[PDB]
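A single chain, nothing else alongside it, follows as structure tokens in the form deposited without its partner chain.
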């Protein structure tokens, strides 16, 4: 299953990066699982993941780091609390969990560049 996500995103001054992960639905999926994985160096790690009925909001483990909104064959993701060290490749994984059959799609990754604010005088 084709998953597309932007090649590069810049985090804002507040360390919030947002991007669109959209999937090419092979059928009519009611339940979907989205996962954000961070790749680096040769390893992959799970950042956040929402399992949602398409017709409702997404709820994450922390949800202080990821938020998301579903809107058809796509989902608006937001990653928060980013610092420079978090610069890296963020992979969007999409799973269609219901109805059968299961489909799995993995996108090419979005490079997220993050900068730390410079010092600000007092106070």
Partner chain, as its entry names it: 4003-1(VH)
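Residue numbers count along the first chain shown, from 1. Definition used throughout: the rigid core is the maximal C-alpha set that superposes within 1.5 Å between two forms. Residues that one form lacks are left out of the comparison.
Below, we refer to the form deposited with its partner chain bound, which is not included among the displayed structures.
- Using a 4.5 angstroms limit between non-hydrogen atoms, residue 59 touches its partner chain in the deposited complex.
- Contact check for residue 71: no non-hydrogen atom falls within 4.5 Å of its partner chain in the deposited complex.
- Taking the partner from the other structure, its partner chain in the deposited complex has a heavy atom within 4.5 Å of a heavy atom of residue 39.
- At least one heavy atom of residue 51 is located within 4.5 Å of its partner chain in the deposited complex.
- In the core-superposed comparison between this form and the one not shown, the C-alpha atom of residue 84 has shifted by less than 2 angstroms.
- Once both forms are fitted on their core, a CA shift of 2 Å or more is seen for residue 62 between this form and the one not shown.
- Shifted region between this form and the one not shown (3+ consecutive residues, every CA moving 2 Å or more on the core fit): 61-64 alone.
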